[PDB]
Each structure stands twice: as C-alpha cells, then as structure tokens.
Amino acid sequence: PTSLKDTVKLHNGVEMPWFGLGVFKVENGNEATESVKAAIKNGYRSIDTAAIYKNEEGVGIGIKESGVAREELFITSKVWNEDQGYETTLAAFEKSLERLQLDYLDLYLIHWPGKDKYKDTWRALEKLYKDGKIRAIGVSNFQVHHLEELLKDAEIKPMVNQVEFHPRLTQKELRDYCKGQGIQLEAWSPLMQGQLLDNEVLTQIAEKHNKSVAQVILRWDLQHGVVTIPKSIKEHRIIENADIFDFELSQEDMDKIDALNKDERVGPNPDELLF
C-alpha cells in the first residue's frame, strides 16, 4: 500500500481499505463525531466501531458531517455478546443501522466467539448478507478452533477475522491458518493500547527512519498484510498514524519487531471470555 485509499480484496471482491480508525473507549457524541470527521477529512476511508462502544450515533454523524459520499466509505460494526442468537442478532443489526443512520454496513462482525451461540449468530449474518444489508461478513476474536467449527456448517466463509495483533502478540498460528483460508486478518489494539511506544527495540528503528514508534508498528502491520485500525481522539495523532506510505521497514527491522513476541495480551482471550 502506497496511500490511505489502498485496498485489500476480500474473498467476495469487496475492497476493504488497508487502514482505519477504531473508536473504542471513545465517548458518544462529539469526541466520536469529531474523531470520525478529522480522520475522514484527512483521508481515512475506514471506521471500526461496535454496538458495545456506545458511539454509533456520533460515528454516524461524523460520517455525514464528513463530506464524503457514503459509498467511498467502509463502515464496520459488531454484534455484541449479549445479543447472540438468530433473532436477537437480526434485531441487534437493525439497531446498529438506525443509530448509524446507514441503510447498509460494509462489514459486520461477531464480537466474540464465546461458547454456544456463535453458529446461530453466523446464520443470522449470512441471511443479512443475502438480503443485501451487509457487503462483507466476518468474525472477531476467533481462534483456529472456532473457525474450524464455524466452517462445518457455514454457508459463507468469514471474510475478516479481527483479532488483537501487535509486536507482543504476533498471531503466527492464526495468521497462517487465516491466509490459507482466504480469511483476512485485521489488527485490533494494533498499538497495544499505547503500551509499546517506549519499547527500546522499536524506538531505535523509529529513530533510524525519522518516525514515531507508532508509525513503525503501523508500517509493520502493512508489510505483514494485516488490515489495521489504530485509535486516537487527537487529530495530530490520527494524521501521525496515517503518515507511513513514505518509508519501508527492511526484512532486518521486520524480524526484530517479530522477536518482540511474548504471545501477550492486553485484552481478553476469546478462549476465556465465555458467555
């Protein structure tokens, strides 16, 4: 990828922008509205939200007050754990549309696997897909197991798997499984919620390039072929974060970053989050 507009093709030929804005822990109304606006105005073409983020309304208002045609925009949201099941997901989806002021979503993800209800929730996604309400359907926080089990009974293969991904948790096993299945990986907490931006191995590599630690990580994502969705509520970081198409990491750098892995999570394990 050479710019912000750049796209990855999903197994159904839907072009998902390689880069995005996540809006988790961002507050409803103006914070979310302004962040969405600032990102779009600076060229982001991809927003990632969730029902549980509480901010679909402010995101939906950013989109509109943004000034870019809806169809040039790729909007994602997720069904929450509590609405899992066939009928309750259908209904959960429509509430997301209505808060978002959208007629369709570009991606809709199951938030978490959990225990029992995700196969029926998938059936619900598939139907919305067929009804033409969602352009792409996918999954979030799924292990190779869940995916194996999903696939027994799926009519549509998931297009995206959005998992926590960063130097500290590099997802080697799931990456190989997912690329072999034409399921695109997407990185959540790509910045490890900020916890890596003092990392000395990363700061030496940022130094060399004249870049921030956040940029390096973000470029590392791109060179591994993982869609990314960093979050910020500060406009200069939103710009700082997209400013990565003017340098590359060498194989040398890439492996060093990879040598940071502790298989280490700052958010829930999908195998421990059971409802």
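In this text, residue numbers run from 1 along the sequence as written.
J.: Taking the recorded C-alpha temperature factors, which stretch has the higher mean, 190-198 or 118-126?
T.: Per the PDB entry, the higher value belongs to 190-198.
J.: Higher average CA B factor in the deposited record is what I'm after, so tell me if that's 99-107 or 172-180.
T.: Between 99-107 and 172-180, it is 172-180.
J.: So among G29, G62, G43, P230, who wins on Cα B-factor in the entry?
T.: So the option with the highest C-alpha B-factor is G29.
J.: Using the temperature factors in the entry, find which of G85, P158, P167, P113 has the highest value at its Cα atom.
T.: Out of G85, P158, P167, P113, the record gives the largest C-alpha B-factor to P158.
J.: Using only modelled residues of the chain, where does the Cα B factor of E72 rank: lowest third, middle third or highest third?
T.: Middle third, going by the recorded CA B-factors of the chain.
J.: So where's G20 on the chain's Cα temperature factor ranking, which third?
T.: Middle third of the chain for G20's C-alpha B-factor.
J.: Considering only modelled residues of the same chain, in which third does the CA B-factor of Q215 rank: lowest, middle or highest?
T.: CA B-factor rank for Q215: lowest third.
J.: In terms of the chain's CA B-factor thirds, is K256 lowest, middle or highest?
T.: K256: CA B-factor falls in the highest third of its chain.
J.: Splitting the chain's C-alpha B-factors into thirds, which one does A154 fall into?
T.: According to the entry, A154 has a C-alpha B-factor in the chain's highest third.
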